[PDB]
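# Coordinates for the following, if possible.
(chains A and B)
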Amino acid sequence: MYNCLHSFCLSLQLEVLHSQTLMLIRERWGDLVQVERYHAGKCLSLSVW
Amino acid sequence: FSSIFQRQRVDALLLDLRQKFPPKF
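Numbers count the residues shown, from 1 in each chain, chains lettered A, B, ... in the order given. Now the structure:
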């Protein structure tokens, strides 16, 4: 039971972060932070400076 | 005598869950 819950659990958190980055890219920060790869449910990566 | 329009994502995770964890009955 633990393996299935942990996964789903570790996937909803990742989505939360990608959404936030996209939202920030609009309003305040803007074209200074970029996403380079988001395969869903596994990982993401951000670029800066 | 309501939906906050985020089911366009959580649904996908569930599908990824079901596609990866088939019921055992």
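# What segments of chain B are helices?
Remark: helices assigned in chain B by DSSP state H are B:7-18.
# Close to chain B: what parts of chain A are there?
A:4, A:7, A:8, A:11, A:12, A:15, A:19, A:40, A:41 (Cβ under 8 Å from any Cβ of the partner chain). Where C-beta positions appear, they are placed from N, C-alpha and C, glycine not excepted.
# contacting residues around residue A:18?
A:35, A:38, A:44 (Cβ atoms under 8 Å, 6 or more residues apart in numbering or on different chains).
# does the first one count as helix, strand or coil?
If I follow you right, that is residue A:35. Per DSSP: H, G, I helix; E, B strand; the rest coil, the local secondary structure of residue A:35 is strand.
# Name the residue closest to the centre of chain A, please.
residue A:18 (2.7 Å; Cα atoms, centre = their mean).
# Now do whichever strand or helix holds that one: distance to the chain's middle.
Using DSSP states H and E, residue A:18 falls within helix A:2-26. Distance of helix A:2-26 from its chain centroid, counting by Cα atoms, centre = their mean, to the nearest Å, is 6 Å.
# ditto for stretch A:39-49
Worked out by Cα atoms, centre = their mean, stretch A:39-49 lies 6 Å from the chain centre.
# ok, for residue A:37, nearest residue in space, not its chain neighbours?
Sequence neighbours aside, residue A:45 is the residue nearest to residue A:37 in space, at 5.2 Å (criterion: Cβ to Cβ, 6 or more residues apart in numbering or on different chains).
# List of residues touching the helix or strand where that neighbour lies?
According to DSSP H and E, residue A:45 maps onto strand A:43-47. For strand A:43-47, the external contacting residues (Cβ under 8 Å, 6+ apart) are A:14, A:17, A:18, A:21, A:33, A:34, A:35, A:36, A:37, A:38.
# In ChimeraX, select just the buried ones from those residues.
Burial among the contacts of strand A:43-47 is assessed by 16 or more other Cβ atoms under 10 Å in any protein chain shown; the matching ChimeraX selection reads:
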select /A:14,38
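# Closest to residue B:9 out of the contacts of strand A:43-47?
residue A:18 (9.7 Å; Cβ to Cβ).
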